[PDB]
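>>> Here come the first chain(s), positioned as in the complex:
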Amino acid sequence: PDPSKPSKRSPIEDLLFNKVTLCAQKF
């Protein structure tokens, strides 16, 4: 984990979370 990042995530985890991208209304 990287302490500098506010979310405390590893760089590879950061790229994994940014790579995946997800309507969302009309209940």
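In hand now; what should we look at? Numbering: from 1, shown residues only, chains lettered A, B, ... in the order given.
>>> rest of the way, CA atoms for contacts and neighbours
OK.
>>> The most centrally placed residue in chain A in helix, strand or coil?
Among the residues of chain A, the one closest to the centroid is residue A:17, at 3.4 Å (C-alpha atoms, centre = their mean). Recorded secondary structure, residue A:17: helix (DSSP: H, G, I helix; E, B strand; the rest coil).
>>> how close does it get to residue A:24?
19 Å (C-alpha to C-alpha, to the nearest Å).
>>> one step back: distance-wise, check the residue nearest to the centre of chain A relative to residue A:11.
Taken as C-alpha to C-alpha, the span from residue A:17 to residue A:11 is 10 Å.
>>> Over to residue A:18?
10 Å.
>>> Show me which of these two is the more surrounded one.
Per other C-alpha atoms under 10 Å, whichever of residue A:18 and residue A:11 has more neighbours is residue A:11, with 12 against 9.
>>> put chain B on too:
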Amino acid sequence: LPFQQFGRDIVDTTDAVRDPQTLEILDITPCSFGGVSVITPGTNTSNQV
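Okay, chain B now, added to the rest:
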């Protein structure tokens, strides 16, 4: 546009309308709703929920 009256979203649901007299564009949002969950301990312990 001047010839347009209603509006529809992606799933063909009305979400806008033009006032017949004042000719204003009004948004429509459904009133709030949702589920209700009840949290309780064992009924032999207490009756608070």
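>>> which residues touch residue 11?
In the absence of a named chain, chain A is used. Counting by C-alpha atoms under 8 Å, 6 or more residues apart in numbering or on different chains, residue A:11 makes contact with A:1-2.
>>> got the CA coordinates for stretch B:26-46 in PDB?
Included here for stretch B:26-46 are C-alpha records, laid out as PDB according to Å, rounded to 0.1, in the frame of the first residue of the first chain:
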ATOM      1  CA  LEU B  26     -40.800  21.800 -16.200                       C
ATOM      2  CA  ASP B  27     -38.900  18.700 -14.900                       C
ATOM      3  CA  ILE B  28     -40.800  15.700 -13.500                       C
ATOM      4  CA  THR B  29     -39.300  13.500 -10.800                       C
ATOM      5  CA  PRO B  30     -41.200  10.700  -9.100                       C
ATOM      6  CA  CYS B  31     -41.900  11.000  -5.400                       C
ATOM      7  CA  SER B  32     -39.600   9.200  -3.000                       C
ATOM      8  CA  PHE B  33     -40.100   5.500  -2.100                       C
ATOM      9  CA  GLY B  34     -38.200   2.500  -0.900                       C
ATOM     10  CA  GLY B  35     -38.100  -0.500   1.300                       C
ATOM     11  CA  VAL B  36     -38.300  -0.800   5.100                       C
ATOM     12  CA  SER B  37     -36.100  -3.100   7.200                       C
ATOM     13  CA  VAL B  38     -36.600  -3.700  10.900                       C
ATOM     14  CA  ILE B  39     -33.700  -4.500  13.200                       C
ATOM     15  CA  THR B  40     -34.500  -6.400  16.400                       C
ATOM     16  CA  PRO B  41     -32.700  -8.500  19.000                       C
ATOM     17  CA  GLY B  42     -34.100 -11.800  20.200                       C
ATOM     18  CA  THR B  43     -37.800 -11.300  21.200                       C
ATOM     19  CA  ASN B  44     -37.000 -13.100  24.500                       C
ATOM     20  CA  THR B  45     -34.400 -10.400  25.300                       C
ATOM     21  CA  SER B  46     -36.200  -7.100  24.700                       C
END
